[PDB]
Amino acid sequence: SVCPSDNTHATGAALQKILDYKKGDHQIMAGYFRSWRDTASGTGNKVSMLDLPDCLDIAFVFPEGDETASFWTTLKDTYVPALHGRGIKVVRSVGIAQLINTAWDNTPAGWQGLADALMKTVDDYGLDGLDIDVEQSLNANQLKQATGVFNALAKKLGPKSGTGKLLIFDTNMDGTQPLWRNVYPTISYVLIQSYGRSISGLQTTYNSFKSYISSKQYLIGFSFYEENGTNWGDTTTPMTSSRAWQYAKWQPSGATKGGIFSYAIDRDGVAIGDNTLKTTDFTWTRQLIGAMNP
């Protein structure tokens, strides 16, 4: 309720109330900002990470690897300080394919070498942590390499580190995954990509993780409509009947989840099937924060 009814960026005592809100108990909101869609990358983009709403908890930097150098300069010099001034954490996302890359030795020294290279993506930009996107099964050698890299990362990130920085596991699979069984003690938050899924199936998925976490570590995700992308239908109108809204309201039996996240937060409020790029005032993101924290 200290949060704006529009996309105002607060400045004084009004900002302090938002910074205080974020230090208190609340269900959190995270968003994946597609880096190649930022106005500081390439041409034709409409949204800047500077537009993100004051009441966001975590912004993920999610690149595809063809971003212009201008994006990375802007992130380091402009975006991270500005987002930090709003009490928004900024986390780098990487795919699990980066941690199982056979160019890196599958040995203790190689796990540390690869962890060191991943930590540069956090430290060189002043970020708040690392998010690993796990969307495939692993063979025995891949599981050994990924587990080694997580254990090396845990010296600098996540609950084993004592640094306050985050180590996040985001996944479209469940708590039976061998990698999860190997690395759960290193994890800050676990984020379940739940695009297009049944509300009746959420407790099953949560139950596969709940022995390995507390409930406040657990976030479920919906997707905005990506231009030319999958029609998940998570953001149908009317909003209060959407999958995204039902996710904001859902709770596991007898516990409180950590919150929700969006994929492609840069697309907040674009109609399903509209393949043009548009500015956003983050109406969905802001309304969903109010749905979770009434």
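Counting begins at 1, following the sequence as shown.
The deposited model assigns a higher average Cα B-factor to 72 to 80 than to the other stretch when 182 to 190 and 72 to 80 are compared. The question of which stretch, 24 to 32 or 256 to 264, has the higher mean Cα B factor is settled in favour of 24 to 32.
Among the modelled residues of its chain, residue 162 has a C-alpha B-factor that falls in the middle third, as given in the PDB entry. The entry lists a Cα temperature factor for residue 55 that places it in the highest third of the chain's modelled residues.
In this PDB entry, residue 122 carries a Cα temperature factor that places it within the middle third of its chain's modelled residues. Among the modelled residues of its chain, residue 92 has a C-alpha B-factor that falls in the lowest third, as given in the PDB entry. Looking at the C-alpha B-factors along this chain, the one for residue 86 belongs to the highest third.
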